[PDB]
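Trainee: One structure, pasted below without further comment.
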Amino acid sequence: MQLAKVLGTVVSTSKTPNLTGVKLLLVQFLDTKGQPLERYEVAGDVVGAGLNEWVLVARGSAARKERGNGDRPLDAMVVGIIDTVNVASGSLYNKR
Amino acid sequence: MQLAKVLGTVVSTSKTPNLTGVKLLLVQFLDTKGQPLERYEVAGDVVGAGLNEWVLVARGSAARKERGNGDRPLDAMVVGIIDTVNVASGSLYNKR
Amino acid sequence: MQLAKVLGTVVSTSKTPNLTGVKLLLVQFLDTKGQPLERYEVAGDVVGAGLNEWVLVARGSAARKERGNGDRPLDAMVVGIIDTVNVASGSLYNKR
Amino acid sequence: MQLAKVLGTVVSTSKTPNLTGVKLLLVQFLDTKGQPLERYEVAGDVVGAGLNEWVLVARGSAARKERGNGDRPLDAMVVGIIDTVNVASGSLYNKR
Amino acid sequence: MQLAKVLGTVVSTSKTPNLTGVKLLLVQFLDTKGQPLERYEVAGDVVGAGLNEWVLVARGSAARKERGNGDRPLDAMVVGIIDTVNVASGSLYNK
């Protein structure tokens with residue numbers, strides 16, 4: 001999975017029926033030094049993440065492995081909110 | 001899913017039977033600041049997008065999760081038209 | 001799918017039994033302006049493409065969605081030959 | 001699979017029920033000359049890797065092919081610890 | 001599939017039980033001019049490839065499509081040894 005920051009929300013009204021009831025979050029990817037990358041995903045959110053929160057992004061078919069998501073055209077899923085990222089130097093990120 | 005812009009259409013006559021009846025759109029990828037990326041996909045369209053419209057593109061096997069698309073050789077699917085992209089600074093895109 | 005140009009053929013005699021009978025083509029990827037990229041794929045061909053033709057390349061598990069290809073270790077499939085690619089400026093490519 | 005080095009651990013409390021019981025490690029990718037790349041994965045660890053150890057990282061759907069990981073949203077899985085990497089020049093890495 | 005050259009072997013003893021009996025090869029990717037890329041893969045070998053040999057590498061779920069590899073955590077599989085690569089200019093590689 002990828003470390004990412006929540007940038008915003010994506011509203012789509014004309015879409016597939018399998019995408020109805022999915023909250024779509026724009027999440028920008030982060031590198032190993034907590035810095036922002038160009039790579040992003042518009043991900044479905046099953047965890048309740050908010051602006052600027054650091055999150056875990058599952059890609060590919062992994063994004064369809066939650067209770068009611070097996071038939072949805074989901075590429076990328078926000079599968080958790082990050083409290084801390086701990087490296088050898090110490091904490092790279094602490095939400096508090 | 002990726003933010004992308006509809007560039008045009010791709011016509012292929014000599015193709016696989018499973019790719020018959022699929023409208024093929026050339027959709028150029030967009031980054032987090034709504035700028036055009038080099039990455040693109042020739043994606044099947046299941047929503048009815050047109051030139052210059054901003055759309056959501058599902059990749060890999062997600063592309064095959066619509067009613068009759070399970071045995072088609074689809075990599076990439078246009079799964080929705082984008083009305084709005086809202087960030088912390090405000091609206092990044094509004095179709096109107 | 002990706003736009004690609006047929007570069008040549010790959011011959012392999014020492015290979016997996018599931019790759020027996022598959023025509024292997026070296027297809028170099030093309031960008032949105034019909035320009036050659038560094039990215040490529042050795043793809044199986046199920047359409048009958050030839051040198052310098054422009055083609056549609058299906059990646060990942062999409063490449064195994066044709067009649068007898070479900071158990072073959074194929075990553076990339078040439079799933080169609082391109083007649084035209086039409087943009088806002090006009091035709092980007094016409095095979096004639 | 002990719003060569004990677006364990007950088008640290010990722011704690012997430014707000015997460016999907018399918019990620020409960022999975023150890024999350026931040027692993028930085030390494031190149032063919034044992035050098036660290038920008039690419040990384042936050043991967044589930046099924047083998048018991050520790051800080052600085054060199055590891056094998058399975059990506060995509062491969063990451064869900066362990067006894068009880070079929071229904072989990074994993075896109076990356078640490079599937080082994082590397083003892084040695086042997087090239088033509090000789091040993092590129094020896095854990096001892 | 002990618003054109004790649006065999007660099008060496010990867011030995012791992014502390015690993016998942018589904019990776020037992022898999023020969024692990026470090027294969028460096030090659031571009032369309034036969035030149036070495038930075039991209040690489042630690043691939044399983046089901047064909048019997050050797051040092052410096054040119055090979056075809058299947059990525060993703062394609063790497064689990066051989067007889068007994070359906071439940072293995074394989075991302076990359078060496079599915080064939082390349083005899084020749086033929087371009088418009090002529091032969092790019094001949095074993």
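Numbering starts fresh at 1 for the residues of each chain in the structure tokens, the chains themselves are lettered A, B, ... in the order given, and ligands are numbered from 1 as they appear.
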Using backbone DSSP assignments, extract all helix (DSSP H, G or I) residues from segment 1-81 of chain C; output them as JSON, numbers by chain.

Mentor: {"C": [17, 18, 19, 60, 61, 62, 63, 64]}

Trainee: Write the residues you've just listed into a file as a PDB file, in the first residue's frame, and include N, CA, C and O atoms for each of them.

Mentor:
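again_0.pdb, freshly written:
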```pdb
ATOM      1  N   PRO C  17       5.058 -24.475 -21.592  1.00  0.00           N
ATOM      2  CA  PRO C  17       4.092 -25.147 -22.497  1.00  0.00           C
ATOM      3  C   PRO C  17       2.818 -24.354 -22.826  1.00  0.00           C
ATOM      4  O   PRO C  17       2.153 -24.598 -23.838  1.00  0.00           O
ATOM      5  N   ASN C  18       2.492 -23.418 -21.947  1.00  0.00           N
ATOM      6  CA  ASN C  18       1.334 -22.533 -22.085  1.00  0.00           C
ATOM      7  C   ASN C  18       1.633 -21.362 -23.016  1.00  0.00           C
ATOM      8  O   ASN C  18       0.790 -20.497 -23.259  1.00  0.00           O
ATOM      9  N   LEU C  19       2.860 -21.288 -23.494  1.00  0.00           N
ATOM     10  CA  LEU C  19       3.215 -20.238 -24.422  1.00  0.00           C
ATOM     11  C   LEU C  19       3.437 -20.790 -25.853  1.00  0.00           C
ATOM     12  O   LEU C  19       3.871 -20.106 -26.792  1.00  0.00           O
ATOM     13  N   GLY C  60      -1.852  -6.570 -18.391  1.00  0.00           N
ATOM     14  CA  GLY C  60      -2.254  -7.234 -17.172  1.00  0.00           C
ATOM     15  C   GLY C  60      -3.206  -8.363 -17.504  1.00  0.00           C
ATOM     16  O   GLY C  60      -3.163  -8.931 -18.579  1.00  0.00           O
ATOM     17  N   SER C  61      -4.091  -8.689 -16.582  1.00  0.00           N
ATOM     18  CA  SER C  61      -4.946  -9.824 -16.721  1.00  0.00           C
ATOM     19  C   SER C  61      -5.970  -9.694 -17.862  1.00  0.00           C
ATOM     20  O   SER C  61      -6.764 -10.654 -18.093  1.00  0.00           O
ATOM     21  N   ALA C  62      -5.986  -8.488 -18.491  1.00  0.00           N
ATOM     22  CA  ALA C  62      -6.865  -8.205 -19.649  1.00  0.00           C
ATOM     23  C   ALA C  62      -6.358  -9.020 -20.822  1.00  0.00           C
ATOM     24  O   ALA C  62      -7.132  -9.401 -21.697  1.00  0.00           O
ATOM     25  N   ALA C  63      -5.043  -9.225 -20.833  1.00  0.00           N
ATOM     26  CA  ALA C  63      -4.343  -9.935 -21.882  1.00  0.00           C
ATOM     27  C   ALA C  63      -4.667 -11.430 -21.922  1.00  0.00           C
ATOM     28  O   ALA C  63      -4.278 -12.114 -22.856  1.00  0.00           O
ATOM     29  N   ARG C  64      -5.383 -11.943 -20.935  1.00  0.00           N
ATOM     30  CA  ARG C  64      -5.722 -13.339 -20.963  1.00  0.00           C
ATOM     31  C   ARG C  64      -7.221 -13.561 -21.100  1.00  0.00           C
ATOM     32  O   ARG C  64      -7.726 -14.673 -20.850  1.00  0.00           O
TER      33      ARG C  64
END
```

Trainee: Would you mind writing down, as number ranges by chain, each residue of chain E that DSSP on the backbone assigns to strand (DSSP E)?

Mentor: E: 2-11, 14-15, 24-30, 36-45, 54-59, 76-81, 84-86, 91-94

Trainee: Could you write out the selected residues, including C-alpha atoms, as an mmCIF file, in the first residue's frame?

Mentor:
```cif
data_model
loop_
_atom_site.group_PDB
_atom_site.id
_atom_site.type_symbol
_atom_site.label_atom_id
_atom_site.label_comp_id
_atom_site.auth_asym_id
_atom_site.auth_seq_id
_atom_site.Cartn_x
_atom_site.Cartn_y
_atom_site.Cartn_z
ATOM 1 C CA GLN E 2 9.685 -7.874 -20.841
ATOM 2 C CA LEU E 3 13.031 -8.592 -22.398
ATOM 3 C CA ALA E 4 15.482 -9.166 -19.513
ATOM 4 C CA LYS E 5 18.982 -10.511 -18.857
ATOM 5 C CA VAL E 6 19.779 -12.863 -15.993
ATOM 6 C CA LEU E 7 22.016 -11.147 -13.433
ATOM 7 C CA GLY E 8 22.149 -13.756 -10.686
ATOM 8 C CA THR E 9 20.181 -15.683 -8.064
ATOM 9 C CA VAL E 10 18.444 -14.726 -4.813
ATOM 10 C CA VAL E 11 18.709 -17.022 -1.818
ATOM 11 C CA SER E 14 13.232 -17.306 5.907
ATOM 12 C CA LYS E 15 10.238 -17.179 3.579
ATOM 13 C CA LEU E 24 14.515 -17.083 -7.607
ATOM 14 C CA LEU E 25 16.321 -15.213 -10.324
ATOM 15 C CA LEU E 26 17.359 -11.579 -10.373
ATOM 16 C CA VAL E 27 16.564 -10.482 -13.936
ATOM 17 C CA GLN E 28 17.449 -6.975 -15.143
ATOM 18 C CA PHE E 29 15.102 -5.447 -17.741
ATOM 19 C CA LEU E 30 16.334 -4.518 -21.224
ATOM 20 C CA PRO E 36 19.964 -2.522 -19.735
ATOM 21 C CA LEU E 37 17.349 -0.613 -17.752
ATOM 22 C CA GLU E 38 17.224 0.114 -14.032
ATOM 23 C CA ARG E 39 13.920 -1.741 -13.693
ATOM 24 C CA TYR E 40 14.373 -5.351 -12.657
ATOM 25 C CA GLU E 41 12.491 -8.216 -11.037
ATOM 26 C CA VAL E 42 13.285 -11.064 -8.659
ATOM 27 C CA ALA E 43 11.446 -13.661 -10.695
ATOM 28 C CA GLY E 44 10.597 -17.305 -10.250
ATOM 29 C CA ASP E 45 12.157 -19.539 -12.935
ATOM 30 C CA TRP E 54 18.107 -13.216 -22.439
ATOM 31 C CA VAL E 55 14.684 -14.009 -21.070
ATOM 32 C CA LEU E 56 10.978 -13.192 -21.256
ATOM 33 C CA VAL E 57 9.489 -12.001 -17.983
ATOM 34 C CA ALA E 58 5.713 -12.206 -17.287
ATOM 35 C CA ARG E 59 4.488 -9.653 -14.679
ATOM 36 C CA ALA E 76 7.288 -12.045 -11.934
ATOM 37 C CA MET E 77 7.984 -15.356 -13.670
ATOM 38 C CA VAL E 78 10.638 -16.170 -16.292
ATOM 39 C CA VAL E 79 8.485 -17.871 -18.936
ATOM 40 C CA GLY E 80 10.949 -18.236 -21.783
ATOM 41 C CA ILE E 81 14.541 -18.022 -23.038
ATOM 42 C CA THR E 84 16.266 -14.154 -31.347
ATOM 43 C CA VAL E 85 14.716 -10.648 -31.470
ATOM 44 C CA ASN E 86 14.132 -9.470 -35.049
ATOM 45 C CA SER E 91 18.409 -9.162 -35.915
ATOM 46 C CA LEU E 92 18.699 -7.204 -32.620
ATOM 47 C CA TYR E 93 19.739 -10.364 -30.779
ATOM 48 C CA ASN E 94 20.739 -13.862 -31.734
#
```

Trainee: Which chain A residues are at most 6 Å from chain B (counting only C-alpha atoms), as a ChimeraX atom specification?

Mentor: /A:7-12,14-16,41-42,71,73-75

Trainee: Show me, as an MDAnalysis selection string, the residues that have an atom within 9 Å of residue 36 of chain D when counting only C-alpha atoms, minus same-chain residues fewer than 6 positions from it.

Mentor: chainID D and resid 4:5 28:30

Trainee: Rounded to one decimal in Å, what is the spacing between atom CA of residue 72 of chain A and atom CA of residue 69 of chain B?

Mentor: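 According to the coordinates, atom CA of residue 72 of chain A and atom CA of residue 69 of chain B are separated by 12.3 Å.
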
Trainee: So which one's closest to chain E, D:54, D:40, D:27, D:20? Using only C-alpha atoms, please.

Mentor: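 Among D:54, D:40, D:27, D:20, it is D:54 that comes nearest to chain E.
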
Trainee: Under the rule that only C-alpha atoms are counted, which of D:76, D:52, D:13, D:23 is the nearest residue to chain E?

Mentor: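 Smallest distance to chain E is found for D:76.
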
Trainee: For each of C:35, C:53, C:96, C:24, take the minimum atom-to-atom distance to chain E, counting only C-alpha atoms, then give the residue where this is smallest.

Mentor: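 Checking each candidate against chain E, we get C:24 as the closest.
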